[PDB]
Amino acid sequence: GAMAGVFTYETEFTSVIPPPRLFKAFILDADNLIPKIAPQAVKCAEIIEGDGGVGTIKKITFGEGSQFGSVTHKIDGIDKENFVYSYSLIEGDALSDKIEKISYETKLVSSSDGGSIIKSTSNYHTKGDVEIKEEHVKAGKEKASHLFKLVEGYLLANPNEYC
């Protein structure tokens, strides 16, 4: 059979919002928060199976900004105490004959200046010859970035929320 491998890519960015509020809002309430503040980004998020914990399958339908496309995610793990959230891409444009799955990890690490470091790990499950383009990968890193700034901007404007 064809060669199975994992291509791992790691990216980091900072936030003025510390991990508890940021993980509660940006991670745990993404289904409610993002459609509400960025409808052009996320139209809706519907749970296909499960209740919200590990093993939950959910479809995220994009707004006009992503031509009303969609992704299907499986929740691999949630650590509310360590601000870690793992999920896999089980249906999406990023998948192909070459890339059968993409496992993701988002970790919120605190800093002594009262903020967060948002560490994102992308694990591509490859089949056969590996041909991962830097432009294709960075388009997903760029993607997540422009949206987080809408989230950050809203949390700063609404301090009473997610306390």
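Don't overthink the numbering: it's just position in the shown sequence, from 1.
- Between 46-54 and 94-102, it is 46-54 that carries the larger average Cα temperature factor according to the deposited entry.
- Per the PDB record, of the two stretches 131-139 and 104-112, 131-139 carries the greater mean B-factor over its C-alpha atoms.
- Among all modelled residues in this chain, the alpha-carbon of residue 38 has a temperature factor (C-alpha) in the highest third.
- Residue 13 sits in the middle third of its chain by CA B factor, as recorded in the PDB entry.
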